[PDB]
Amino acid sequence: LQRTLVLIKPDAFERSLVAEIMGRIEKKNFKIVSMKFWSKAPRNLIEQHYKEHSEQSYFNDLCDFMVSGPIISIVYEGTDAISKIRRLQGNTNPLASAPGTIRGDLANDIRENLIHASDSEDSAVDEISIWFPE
């Protein structure tokens, strides 16, 4: 019975898929524990959230993107919520994300892929603290 950190990304807002995305998690019975809306995320939280990636080439365009529009940060709660919401998520790569998954059905880009989801018990605690210090 864990908690994971989801991010709804600015492309979700541009393409009006915010409810479609949250709806897939909702219909699988995961409950919202906490949720915050950001018209524009502070770049600092974004740099924090993606620190493991700071060395990568895409890290800068990634950060630009994440602040280019609103985002919603949600904490969901369920049994094995971390691994299950990741399988809903789908693969980052638009050439490997299966139909049925969020990214497989809706996304078509390596960078603008609608959603972020914690991928581990440690990833979650840390990301959740970043977005929900309280």
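When you see a residue number, it is the position in the sequence shown, counting from 1.
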Would 33 to 41 or 90 to 98 have the larger average of its C-alpha temperature factors, as given in the entry? 90 to 98
Between the two ranges 113 to 121 and 6 to 14, the one averaging a larger CA B factor in the entry: 113 to 121
Split into thirds by Cα B-factor across the chain's modelled residues, where does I46 land: lowest, middle or highest? middle
C-alpha B factor of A81, ranked within the chain: lowest, middle or highest third? highest
Could you say whether, by C-alpha temperature factor, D61 belongs to the lowest, middle or highest third of its chain? highest
For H53, the third of its chain by CA B-factor is the highest
